[PDB]
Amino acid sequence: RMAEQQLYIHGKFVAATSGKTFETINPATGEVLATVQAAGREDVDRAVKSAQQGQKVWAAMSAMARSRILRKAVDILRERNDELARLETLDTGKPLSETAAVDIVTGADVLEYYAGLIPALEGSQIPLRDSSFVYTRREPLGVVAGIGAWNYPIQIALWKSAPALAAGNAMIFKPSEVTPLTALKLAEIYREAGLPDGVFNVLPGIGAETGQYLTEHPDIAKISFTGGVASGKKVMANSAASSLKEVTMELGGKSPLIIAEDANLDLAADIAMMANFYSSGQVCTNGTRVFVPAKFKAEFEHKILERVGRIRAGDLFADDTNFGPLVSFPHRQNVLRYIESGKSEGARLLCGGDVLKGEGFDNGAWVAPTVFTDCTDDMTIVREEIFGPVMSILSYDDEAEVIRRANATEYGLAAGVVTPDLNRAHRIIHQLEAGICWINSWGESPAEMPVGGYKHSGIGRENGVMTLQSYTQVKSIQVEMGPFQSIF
């Protein structure tokens, strides 16, 4: 068990003044990983005043001075990749085979990416006439807040903090209460890299309290939130009610994976497996509606069954473990309710559908990888995000039908198509209503690539050059060198 975890405000760990605490569990064992202090309303105010003071120092440095500090943090993250991944595995229940290859690697990639773009952040100059011209500045917002989710804790902390800090802001980050531990380590890493005190503060807490105090605080200029749709609506209401903040939201989806009639079904099955069962299905971009041509549906079902039999649950630190428990018992209960609705609504259970039992599983919230087929667009498991290891296989006859059904949803996060045909790939992808589209692949999210949702799946974008700009605000300045004329 670990020592009690404190708040991180202004370059040092510090006790919360709320008097309150919470515990984070190891979802593989049910054991208390650490007791964690919760930030109260006065603690948030202290963090904002720390952040305001740090931000001025940060913004007054040269662009390359900021770049060098963030690249030093990258170097630390590269060195401690395996140690940080192990803590993430303990806190989240995700296999080490995942956390050591993706979570910190792709989080540091984004920090590294933005560190190098700081000197390229530029305004514009616009001539109006010989006697007047306009120039613009891309100024920091000031203090921004990030609210993280529990499925990719440190990756989210890096994907939010990297552009915010690169744009010259200070960020106060509130990790999920399920998974607060890696965010505290990152705050330590930033200071070791030379980040000025206050520029990145971490306030663990419950959403109902610490999160709400951040969304309500009048001196926070922007909120960036990744999480469930319900917690988002609350953040957006309390942020609307309070000071007028720009909000960015990354929510879930029910993303379609469209298998074309000319597609290799081994490739299609491999893509479908990776689009549904990575991180035990707890991934917003997962391709949970798999559309397969009727003529190949049966063969595809067998290929899935063959691959699902290969999934290896077990010791999360073992190299060959590729499947972990869900993050908590309440989350598994919701997944189990969706599975039962699939059975009751007439979907055909192809495999899985039950909790896992036996030594090593009775203490964690394990669900067997599950596949439903013979699914219809009106079934609950097809219409709603489950956030668990549950694939829905749907049959289709023609391209116009599958495009219509793929788009017939309020979600809009991701989509994909499998096809070797040049025209089919681009033609279909261009008609899909989704922000992240993969052709003959799934899941890769390069730092260069803006990612985010259409419709109800999010507001704004992360990664790419545009996200650096979105953590600045434009000031337009007109220089009038001619004589001003008044009509009064």
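Residue numbers run from 1 along the displayed sequence. C-alpha atoms forming the largest set that superposes within 1.5 Å between two forms make up the rigid core.
- Note on 304 to 312 and 230 to 238: with rigid core alignment, C-alpha atoms in 8 other deposited structures of this protein sit farther from this form for 230 to 238.
- Taken in 8 other deposited structures of this protein and fitted on the core, 355 to 363 and 92 to 100 differ in how far their Cα atoms move from the shown form, and the one that moves more is 355 to 363.
- Between the stretches 356 to 364 and 94 to 102, it is 356 to 364 that shows the larger average CA temperature factor.
- Averaged over CA atoms, B-factors in the entry run higher in 373 to 381 than in the other of 373 to 381 and 105 to 113.
- Between the residues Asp197, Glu410, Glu139, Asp398, it is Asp398 that shows the highest Cα B-factor in the PDB record.
- Each of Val418, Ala120, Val335, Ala240 has a CA temperature factor in the record; the biggest one is found at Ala240.
- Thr35 sits in the highest third of its chain by CA B factor, as recorded in the PDB entry.
- The PDB entry assigns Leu468 a C-alpha temperature factor belonging to the middle third of its chain's modelled residues.
- Among the modelled residues of the chain, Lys174 sits in the middle third by CA temperature factor in this PDB entry.
- Annotation for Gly452: CA B-factor lies in the lowest third of the chain's modelled residues.
- Sort the modelled residues of the chain by CA B factor and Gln478 lands in the middle third.
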